[PDB]
$ cat final.tsv   # TSV, C-alpha atoms
chain	number	residue	atom	x	y	z
U	1	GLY	CA	11.22	20.56	9.51
U	2	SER	CA	10.11	19.45	6.05
U	3	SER	CA	6.74	21.01	5.23
U	4	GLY	CA	3.56	18.96	5.48
U	5	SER	CA	2.81	16.01	3.21
U	6	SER	CA	3.23	17.33	-0.33
U	7	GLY	CA	4.36	15.63	-3.52
U	8	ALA	CA	1.81	13.50	-5.37
U	9	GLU	CA	0.71	13.11	-8.99
U	10	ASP	CA	-2.76	12.96	-10.52
U	11	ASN	CA	-2.10	9.76	-12.47
U	12	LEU	CA	-0.40	7.02	-10.44
U	13	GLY	CA	-1.85	4.08	-12.35
U	14	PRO	CA	-3.45	0.72	-11.52
U	15	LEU	CA	-1.93	-1.29	-8.67
U	16	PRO	CA	1.06	-3.48	-9.61
U	17	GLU	CA	1.08	-7.26	-10.08
U	18	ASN	CA	2.83	-7.98	-6.78
U	19	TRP	CA	-0.05	-6.47	-4.79
U	20	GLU	CA	-3.64	-7.40	-3.94
U	21	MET	CA	-6.25	-5.08	-2.43
U	22	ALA	CA	-8.86	-6.96	-0.40
U	23	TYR	CA	-11.22	-6.36	2.52
U	24	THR	CA	-11.16	-8.27	5.82
U	25	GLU	CA	-14.09	-10.21	7.26
U	26	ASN	CA	-15.40	-7.12	9.06
U	27	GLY	CA	-14.99	-5.06	5.90
U	28	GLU	CA	-11.67	-3.29	6.38
U	29	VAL	CA	-9.93	-2.54	3.08
U	30	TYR	CA	-6.24	-3.47	3.11
U	31	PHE	CA	-3.36	-3.88	0.66
U	32	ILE	CA	-1.44	-7.14	0.35
U	33	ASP	CA	2.23	-6.74	-0.55
U	34	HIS	CA	3.65	-9.99	-1.91
U	35	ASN	CA	6.96	-8.53	-3.08
U	36	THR	CA	7.68	-8.37	0.65
U	37	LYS	CA	4.79	-10.45	1.98
U	38	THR	CA	3.55	-7.59	4.16
U	39	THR	CA	0.12	-6.11	4.90
U	40	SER	CA	-0.71	-2.41	5.10
U	41	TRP	CA	-3.82	-0.31	5.73
U	42	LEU	CA	-2.92	2.43	3.25
U	43	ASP	CA	-2.07	2.25	-0.45
U	44	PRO	CA	1.52	2.00	-1.74
U	45	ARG	CA	1.01	4.11	-4.86
U	46	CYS	CA	0.55	7.00	-2.43
U	47	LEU	CA	3.80	6.18	-0.61
U	48	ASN	CA	7.21	6.94	-2.11
U	49	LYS	CA	9.49	4.64	-0.13
U	50	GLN	CA	8.10	1.11	0.11
U	51	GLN	CA	8.30	-0.77	3.41
U	52	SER	CA	12.09	-0.95	3.60
U	53	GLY	CA	13.66	-2.64	6.61
U	54	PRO	CA	12.02	-2.49	10.06
U	55	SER	CA	8.93	-0.28	10.15
U	56	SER	CA	6.99	0.51	13.33
U	57	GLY	CA	3.80	1.58	11.59
$ encode --input "final.tsv" --output "C-alpha cells"
Amino acid sequence: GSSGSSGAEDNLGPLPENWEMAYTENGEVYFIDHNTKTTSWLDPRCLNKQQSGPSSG
C-alpha cells in the first residue's frame, strides 16, 4: 500500500538528447522517446522507471 506519489527533486534538468517534446496538430503536447521509439503524454524526467517492457498506459 505504498503511500501516494512522492519522491521528486526540484532540479531534474533539461530533457535528454534521445527525446523530443512537440505538440500535435490539435495542440496536444507530447514527448517523443527515440531511445525506444515510443510516444507518451507525460514527461519522463518525472517518471523513475522508463517504459520498460509491455506497458498498458
$ residues_around --input "final.tsv" --residues "residue 5 in chain U" --least-positions-apart "4" --cutoff "12 Å" --atoms "only C-alpha atoms" --output "list in words"
residues 1, 46, 47 and 48 of chain U
$ atom_distance --input "final.tsv" --atom1 "CA of residue 21 in chain U" --atom2 "CA of residue 52 in chain U"
19.7 Å
$ closest_residue --input "final.tsv" --among "U:3, U:53, U:35, U:45" --to "residue 15 in chain U" --atoms "all atoms listed in the file"
U:45
$ atom_distance --input "final.tsv" --atom1 "CA of residue 54 in chain U" --atom2 "CA of residue 11 in chain U"
29.3 Å
$ atom_distance --input "final.tsv" --atom1 "CA of residue 30 in chain U" --atom2 "CA of residue 43 in chain U"
7.9 Å
$ residues_around --input "final.tsv" --residues "residue 23 in chain U" --least-positions-apart "4" --cutoff "12 Å" --atoms "all atoms listed in the file" --output "ChimeraX atom specification"
/U:27-32,39-41
